[PDB]
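This report concerns only the one structure given below.
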Amino acid sequence: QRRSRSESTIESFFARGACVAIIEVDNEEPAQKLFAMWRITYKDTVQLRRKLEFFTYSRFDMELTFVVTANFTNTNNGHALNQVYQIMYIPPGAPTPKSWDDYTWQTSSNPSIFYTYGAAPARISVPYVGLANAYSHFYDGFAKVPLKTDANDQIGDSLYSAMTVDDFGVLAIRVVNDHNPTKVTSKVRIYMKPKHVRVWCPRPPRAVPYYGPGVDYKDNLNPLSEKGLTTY
Amino acid sequence: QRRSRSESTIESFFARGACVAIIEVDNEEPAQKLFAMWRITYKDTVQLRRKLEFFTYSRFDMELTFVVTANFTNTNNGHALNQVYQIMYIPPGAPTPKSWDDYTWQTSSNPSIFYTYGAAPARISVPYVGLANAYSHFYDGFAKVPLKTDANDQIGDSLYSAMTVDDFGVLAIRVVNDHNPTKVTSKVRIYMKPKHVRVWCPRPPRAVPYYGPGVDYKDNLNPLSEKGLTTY
Amino acid sequence: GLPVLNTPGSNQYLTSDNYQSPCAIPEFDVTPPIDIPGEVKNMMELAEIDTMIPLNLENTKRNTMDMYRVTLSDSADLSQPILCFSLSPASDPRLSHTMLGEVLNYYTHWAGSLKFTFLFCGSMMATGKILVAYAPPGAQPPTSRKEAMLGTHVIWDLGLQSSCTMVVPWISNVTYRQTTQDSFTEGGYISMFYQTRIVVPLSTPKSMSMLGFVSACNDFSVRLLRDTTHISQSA
Amino acid sequence: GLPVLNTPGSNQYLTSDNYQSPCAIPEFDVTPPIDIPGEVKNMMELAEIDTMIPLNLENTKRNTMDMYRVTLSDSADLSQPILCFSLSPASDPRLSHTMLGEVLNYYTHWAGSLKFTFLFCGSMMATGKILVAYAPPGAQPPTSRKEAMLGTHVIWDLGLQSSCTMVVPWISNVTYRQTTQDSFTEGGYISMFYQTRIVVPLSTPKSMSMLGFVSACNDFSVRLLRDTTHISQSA
Ligand SMILES: CCCCCCCCCCCCC/C=C/[C@H](O)[C@H](N)CO
Ligand SMILES: CCCCCCCCCCCCC/C=C/[C@H](O)[C@H](N)CO
């Protein structure tokens, strides 16, 4: 035995940064997208989702990297000075911005990153922030149980396999700069890298296209292709 | 006991940088804001103010971070070269600028930061500069006492809970660059981070909107919401 | 000189970072500290302090001094509860604005046992028994004494002791609960009932008022600092 | 301060780099782990697990439960093969979507011995011998028993043992084969033939079904992680 399995380890399997979200933030004269709130999850994309759903439970420290790409929108010769983007983390319960100049942007206790355009992509790390002892990719249950004494069925009605409505909060991204006379549109791509990963209860990989945050399937349910029984 | 309180410590409670001031500095042909003087305090914003007013006395070393965001103002195709901003600290007693090109900008003994636009936000640290042995968020007294022998009531008239008129001085922010043919407007946001914090005499948090630098209250004095006595 | 490689994240300002910065006032002789009474080393120390609960939040009683008083009486209906509130120390209106709730609303997660102290402020000639019950979540919120009896509970004799301490132990599926209304981290319910009655003699007030206080125990802990929703600023 | 020289590559974001980054939530009391059953330390552990093979992929049988069943019978033509498939554990349709193939399609290179377990699911009164053969690449794919005989092979008596393990050892010119169809890293062929026949008595089903499972051995290894082609997202 001289061939090794260093690259098949769980840490190596997730050691790549996967894009999990693209957020559009526009700066223009203040129906608008001057600030964008994105709920944190890996299920907006399939690749990392499929890799993680190889297992039932996980525990990993995350690393987020933000790549910002700005462009003009129908500019004739209108130009702009280098922009600064504010990415504020809003955990469940904290107030959420209602405008791009709201008081919530003060970031007194909410962590925030101020990224200057043209610099290196903004990278930070997060520890395991799970309420339980491990993350639950699959939850075979509800959060509310409808009881006999409930006045109406909606009291106990809950989404299947949904644990909490506000899983880990949102990221609110704005352009701190005031509006230039010409519109500037930017895309922030968030790349998520698990680290120190531990996994439990392996599961078969998804074989059909994802349909929503659950195991629901709707279309393209015939994956295997035609092949002769005795054809090599 | 395995759950820890590392994040509830006073140092951790204030370990976030809170915006305490937004200052507008304009460069244009020399009624104008070519230099802006801002008096140093955390009471221009409520979040950090409320966090600090959880206690009566404090002693902390401060960390200031300046985020500068520039933009054009009605530019057609007028453009500007990268600007340099001068942030000069003027403690009480030192002369204050009367213009953007005054001699006081020489900064012979007043500390100053020259920040080049597009670079990292300008960060410096300040020690505990309090006259007393700790900062006084609340001062139940005056600075002058009206005496029987005073010629007029204005001699001893002083603001309630006001200790010194010039608490810690001001920051004068200008654009060192001469005026480009097109106006450029910049916003400097100052983020204040307490460090090595020590606090004394805990106080209940503010329950109603702040009205001025004191404990005065004017409106929205009904915080609690309706709820049934026996309703879960 | 020394070859270096700029890693991603360079030139960014993270408000939660811990980096050394230049001193703008070097060689400054800071005023030495003194032994001021009341030094606080942790924020949970404040939460451990008992503070009165706005138990009554009716339209004509909230945002007054009557919102802290719960009326007890000998003429009351012994079948109905005295007071009822969910065990949400940061989202429940009766607990959100308490000192404990105020400290919690700066954090996303909380875990620990609570302590509710109920003080009877009637006459010394008034006597009675009160059943104070905590029901862990999962079942119907106790609407009767026969139900609240089945959960954790304590009987409080007004004549003997004017104050009762109902300790709610930490019983949770998750290691930490959220400081926001969530049916998955629901904490339970607290209810109060007349065990026997309030009995008073003649020439005595037949109606009295009780006060409620809430505190955290030494096992209490919070996690993931955040911004409170209580304080707002007009922009 | 310290003179430094910015080397090429500065200010770049390589998604496979391993650099330290600032923590956005410092002094966070993470929930401690517990001993959850089923911990996985390597992805090849999953590949070592036997999983059923979609051996039959006809138009009217694929993407159903009939695609895992291969029909055996006493009336079958003893000269023709039962099933035949190439030894491509990541590109062959019958092996690509197996757990082994799913793990391989995340890597560019693979090397190791395979293990095919064939399970007979007929009556206990049915008996027969099956010749399971592996032919290394280079020659004609065995179209007859006289040819498959010449390669590696095992005889499986249905009556005695209901399952047979055909181990395909690692025999390759290259140290690693590609997980993509390539005639230079071709792995070989697997074929099955009737050694004698299936013999059943009266009052017994004359047609039966066999199942196939594929697994990796302890010598198995993969290299050069990549993105799988199985999962796609509409953009
Ligand atoms: C500006 C600073 C940014 C701070 C960002 C903190 C966000 C915290 C989110 C951490 C975990 C998100 C992703 C991992 C959880 C998975 O979705 C689990 N499987 C939950 O089901
Ligand atoms: C360009 C260099 C900038 C130098 C800035 C030095 C400013 C010195 C101010 C230090 C303390 C300001 C904030 C802390 C004091 C609190 O307001 C106290 N509670 C006073 O009531």
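Scanning the stretch B:72-89 for residues that are buried (at least 21 other Cβ atoms within 10 Å of the Cβ) and either of a type in the set (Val, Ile, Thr) or more than 21 Å from B:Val170 (Cα to Cα) (or both) yields a count of 3.
In the set (1) on the phi > 0 side of the Ramachandran plot; (2) buried (at least 19 other Cβ atoms within 10 Å of the Cβ), D:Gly38 fails one condition alone, (2). Only one of the numbered conditions (1) farther than 21 Å from B:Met37 by Cβ; (2) more than 10 Å from chain C (Cβ to nearest Cβ); (3) within 23 Å of the chain's Cα centre (by Cα) is not met by B:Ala151, and that is (3).
No other residue among B:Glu24, B:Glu28 is more than 26 Å from C:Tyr19 (Cα to Cα), of a type in the set (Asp, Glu), away from ligand 1 (no atom under 16 Å from the Cβ) and in contact with a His (Cβ under 6 Å, 6 or more places away or on another chain) apart from B:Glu28. Among residues that are under 25 Å from D:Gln161 (Cβ atoms), aromatic (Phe, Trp, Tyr), buried (at least 22 other Cβ atoms within 10 Å of the Cβ) and within 10 Å of chain A (Cβ to nearest Cβ), D:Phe85 is included. So for the stretch A:57-73 (the condition being in contact with a strand residue (DSSP E or B) (Cβ under 7 Å, 6 or more places away or on another chain) and within 16 Å of ligand 2 (Cβ to nearest atom)), does at least one residue qualify? Taking every residue of the stretch A:57-73 in turn, none turns out to be in contact with a strand residue (DSSP E or B) (Cβ under 7 Å, 6 or more places away or on another chain) and within 16 Å of ligand 2 (Cβ to nearest atom). Contact map, the stretch D:211-231: residues that are at positive phi paired with residues that are surrounded by 19 or more Cβ atoms within 10 Å (Cβ to Cβ), Cβ distance under 7 Å, separation 6+ or inter-chain. Pairs shown: D:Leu224/D:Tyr107; D:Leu224/D:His109. Exactly one residue out of B:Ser158, B:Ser186 is over 30 Å from A:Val175 (Cα atoms) and either of a type outside the set (A, V, I, L, M, F, W, C) or touching a helix residue (DSSP H, G or I) at 6+ places or on another chain (Cβ under 7 Å) (or both), and it is B:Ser158. Within the stretch D:182-201, the residues that satisfy the criterion of being in contact with a strand residue (DSSP E or B) (Cβ under 9 Å, 6 or more places away or on another chain) and not β-branched (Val, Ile, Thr) are D:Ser183, D:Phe184, D:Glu186, D:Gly187, D:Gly188, D:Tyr189, D:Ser191, D:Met192, D:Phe193, D:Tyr194, D:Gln195, D:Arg197.
Within the span defined as the stretch A:107-115, every residue fails to be of a type in the set (S, T, N, Q), surrounded by fewer than 23 Cβ atoms within 10 Å (Cβ to Cβ), more than 30 Å from A:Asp157 (Cα to Cα) and more than 10 Å from ligand 1 (Cβ to nearest atom).
Would the stretch C:45-53 turn up any residue that is within 14 Å of chain D (Cβ to nearest Cβ) and over 16 Å from B:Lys227 (Cα atoms)?
Quick first cut of the stretch C:45-53, residues within 14 Å of chain D (Cβ to nearest Cβ) only: none.
There is no residue in the stretch C:45-53 that is within 14 Å of chain D (Cβ to nearest Cβ) and over 16 Å from B:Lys227 (Cα atoms).
Here A:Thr56 passes the criteria (1) more than 8 Å from chain D (Cβ to nearest Cβ); (2) within 25 Å of D:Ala47 (Cβ to Cβ) except the one numbered (1). Candidates in the stretch A:133-154 are the residues that are surrounded by 12 or more Cβ atoms within 10 Å (Cβ to Cβ) and over 24 Å from D:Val30 (Cα atoms); of these, the one that is nearest to ligand 2 (Cβ to nearest atom) is A:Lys144.
Residues in the stretch C:2-40 that are closer than 24 Å to B:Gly130 by Cβ, facing chain D (nearest Cβ under 9 Å) and charged (D, E, K, R): there are none.
If you go through the stretch A:186-204 one residue at a time, how many are within 20 Å of A:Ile23 (Cα to Cα) and crowded, with 17+ Cβ neighbours inside 10 Å? Let's see the steps before the verdict.
So in the stretch A:186-204, the residues within 20 Å of A:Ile23 (Cα to Cα) come out as A:186-193.
With the extra rule that they be crowded, with 17+ Cβ neighbours inside 10 Å, the set shrinks to A:186, A:188, A:190-193.
Qualifying residue count, the stretch A:186-204: 6.
Based on what the data block shows, is B:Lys43 farther than 21 Å from A:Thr104 by Cα, within 21 Å of the chain's Cα centre (by Cα) and either within 16 Å of ligand 1 (Cβ to nearest atom) or assigned to a loop (DSSP other than H, G, I, E, B) (or both)? So B:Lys43 fails the test.
Of the numbered criteria (1) buried (at least 21 other Cβ atoms within 10 Å of the Cβ); (2) touching a helix residue (DSSP H, G or I) at 6+ places or on another chain (Cβ under 7 Å); (3) within 26 Å of B:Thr182 (Cα to Cα); (4) not hydroxyl-bearing (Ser, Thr, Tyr), the one B:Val25 fails is (2).
Just wondering, is there one or more residues in the stretch B:200-215 that are outside any loop (DSSP other than H, G, I, E, B) and of a type in the set (A, V, I, L, M, F, W, C)? Yes, the stretch B:200-215 has at least one match.
Scanning the stretch C:115-138 for residues that are farther than 25 Å from C:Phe220 by Cα, in a strand (DSSP E or B) and in contact with a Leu (Cβ under 8 Å, 6 or more places away or on another chain) returns C:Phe120, C:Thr127, C:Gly128, C:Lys129, C:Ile130.
Please verify whether the stretch B:75-85 includes one or more residues that are assigned to a loop (DSSP other than H, G, I, E, B), within 14 Å of chain A (Cβ to nearest Cβ), touching a strand residue (DSSP E or B) at 6+ places or on another chain (Cβ under 8 Å) and within 12 Å of ligand 2 (Cβ to nearest atom). No: zero hits.
From the set of residues in the stretch B:159-185 that are within 16 Å of ligand 2 (Cβ to nearest atom) and among the hydroxyl-bearing types (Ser, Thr, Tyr), which is nearest to B:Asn82 (Cα to Cα)? First the steps, then the outcome.
Residues of the stretch B:159-185 within 16 Å of ligand 2 (Cβ to nearest atom): B:159-176.
If we keep only those that are among the hydroxyl-bearing types (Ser, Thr, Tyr) too, we end up with B:160-161, B:164.
Numbers: B:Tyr160: 46, B:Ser161: 44, B:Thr164: 39 Å.
Looking at the filtered set, the residue picked out is B:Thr164.
Within the stretch A:95-112, the set of residues being within 11 Å of chain B (Cβ to nearest Cβ) and either touching a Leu at 6+ places or on another chain (Cβ under 7 Å) or not in a strand (DSSP E or B) (or both) comprises A:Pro95, A:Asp101, A:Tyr103, A:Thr104, A:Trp105, A:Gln106, A:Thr107, A:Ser108, A:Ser109, A:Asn110, A:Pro111. Here D:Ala47 passes the criteria (1) over 14 Å from the mean Cα position of the chain (by Cα); (2) of a type in the set (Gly, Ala, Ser); (3) crowded, with 19+ Cβ neighbours inside 10 Å except the one numbered (1).
Quick one: is A:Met62 crowded, with 23+ Cβ neighbours inside 10 Å, of a type in the set (A, V, I, L, M), within 11 Å of ligand 1 (Cβ to nearest atom) and more than 8 Å from every other protein chain (Cβ to nearest Cβ)?
Working: crowded, with 23+ Cβ neighbours inside 10 Å: no; of a type in the set (A, V, I, L, M): yes; within 11 Å of ligand 1 (Cβ to nearest atom): yes; more than 8 Å from every other protein chain (Cβ to nearest Cβ): yes.
So A:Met62 fails the test.
Which members of the stretch B:156-199 meet the condition of being among the polar types (S, T, N, Q) and either over 30 Å from B:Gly78 (Cα atoms) or not in a loop (DSSP other than H, G, I, E, B) (or both)? Those that are among the polar types (S, T, N, Q) and either over 30 Å from B:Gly78 (Cα atoms) or not in a loop (DSSP other than H, G, I, E, B) (or both): B:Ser158, B:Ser161, B:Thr164, B:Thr185, B:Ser186.
Filtered by the rule that a residue be under 21 Å from C:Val222 (Cβ atoms) and surrounded by fewer than 14 Cβ atoms within 10 Å (Cβ to Cβ), the stretch D:11-32 gives a lone residue, D:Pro32.
Every residue, every condition in (1) over 30 Å from D:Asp35 (Cα atoms); (2) touching a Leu at 6+ places or on another chain (Cβ under 7 Å); (3) within 16 Å of ligand 1 (Cβ to nearest atom); (4) facing chain D (nearest Cβ under 8 Å), yes or no:
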site: A:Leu171; (1), (2), (3), (4): yes, no, yes, no
site: A:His179; (1), (2), (3), (4): yes, no, no, no
site: A:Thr182; (1), (2), (3), (4): yes, no, no, no
site: A:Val199; (1), (2), (3), (4): no, no, yes, yes
site: A:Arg206; (1), (2), (3), (4): no, no, yes, yes
site: A:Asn220; (1), (2), (3), (4): yes, no, no, no
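Since every read-out is calculated from the coordinates, none of them should be taken as a lab result. Using ideal geometry, Cβ is built from the backbone for each residue, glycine included, and neighbour counts are taken over all protein chains shown.
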